[PDB]
Amino acid sequence: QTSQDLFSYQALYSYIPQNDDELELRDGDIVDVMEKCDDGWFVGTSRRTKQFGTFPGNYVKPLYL
């Protein structure tokens, strides 16, 4: 429950978060982004492990819904 069908991305790479407040990105995993930082990193939730935080939207690709 980030919003509903707001915006979902698929991970291009597997990324190791610098903090537990960041989201674990894994190659092919999907993350729904709820909030956008203009700095490029976004806030989302992991579709696989359902964790919430910030993730670098540099490792994800714009999907459709």
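Rules of the game
Residues numbered from 1 in each chain as written, not as in the entry; some residues may be left out. Heavy atoms only, no water. Core = buried A, V, L, I, M, F, W, Y, C linked by side-chain atoms within 4.5 Å. Buried < 20%, exposed > 50% of the residue type's maximum accessible area, 1.4 Å probe, protein only. Helix = DSSP H or I, 4+ residues; strand = E, 2+ residues; numbered from the N terminus. Contact = heavy atoms within 4.5 Å. Pairing = 2+ DSSP bridges. Axes fitted to C-alpha atoms, helices over the stretch in contact; angles between N-to-C directions. Salt bridge = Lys/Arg side-chain N within 4 Å of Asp/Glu carboxyl O. Patch = residues over 30% accessible without salt bridge, like charges linked within 9 Å, V, L, I, M, F, W, Y side chains within 5 Å. Areas by Shrake-Rupley, 256 points an atom, 1.4 Å probe, with all protein chains shown as cover. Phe/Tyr/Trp six-rings, centres within 6.5 Å; stacked < 30°, edge-to-face > 60°. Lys NZ or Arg CZ within 6 Å of the ring centre and 35° of its normal.

This entry, as listed in the PDB, derives from solution NMR.

Participant: Looking at this structure, how should I read the nonpolar core?
Facilitator: Inside soluble globular proteins, nonpolar side chains tend to come together where they are buried. Grouped together as the largest cluster of nonpolar side chains are 10 residues: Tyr9, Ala11, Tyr15, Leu23, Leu25, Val31, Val33, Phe42, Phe55 and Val60. Secondary structure elements with two or more residues in this core: β1 (8-11) and β2 (30-36). Excluding anything up to four places from it in sequence, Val60 contacts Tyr9, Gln10, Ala11, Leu12, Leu25 and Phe55.

Participant: Before we go on, may I ask you to explain the sheet that holds β2 in this structure?
Facilitator: Sheet strands associate in pairs through backbone hydrogen bonding, adopting either a parallel or an antiparallel arrangement. Spatially, the 5 strands line up as an open sheet ordered β4-β3-β2-β1-β5, and their pairing is antiparallel. Each edge of the sheet is formed by a strand with only one pairing partner; in this case those strands are β4 (52-56) and β5 (60-62). On average, each strand axis in the sheet is tilted by 45° relative to the strand beside it, whichever way the strands run. Bridge count between strand β3 (residues 41-46) and β4: 5 bridges; the pairing is antiparallel. Across the sheet, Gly44 pairs through a bridge with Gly53, a residue of β4.

Participant: Is there a simple way to explain the pattern of salt bridges in this structure?
Facilitator: Oppositely charged side chains can form a pair if their charged atoms are brought close together. According to the stated counting rule, one finds 1 salt bridge in the structure shown. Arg26 is the partner of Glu24 in a salt bridge, and the nearest nitrogen-oxygen pair spans 2.7 Å. Among the residues examined, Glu24 registers a relative accessible area of 30% and is labelled partly exposed. Take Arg26: its relative accessible area is 25%, and that puts it in the partly exposed class.

Participant: Would you take a moment to explain a nonpolar patch on the surface for this structure?
Facilitator: There is a patch of nonpolar side chains on the surface, built from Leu6, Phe7, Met34 and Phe52 and spanning about 380 Å² of accessible area. With respect to the element layout, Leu6 can be found in the segment before β1. Assessed through its relative accessible area of 41%, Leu6 is described here as partly exposed.

Participant: In this structure, what is going on with the packing of aromatic side chains? I would like to understand it.
Facilitator: The geometry of an aromatic ring pair is captured by two quantities: the separation of the ring centres and the angle between the planes. Under the defined criterion, the tally for this structure stands at 5 aromatic pairs. An aromatic cluster of three or more residues is present, and its members are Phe7, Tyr9, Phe42 and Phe55. Seen from the ring of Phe7, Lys36 lies directly overhead, with NZ or CZ sitting 5.6 Å from the centre. When the ring centre of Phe42 is taken as origin, the NZ or CZ atom of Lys36, which lies over that ring, is 3.9 Å away.

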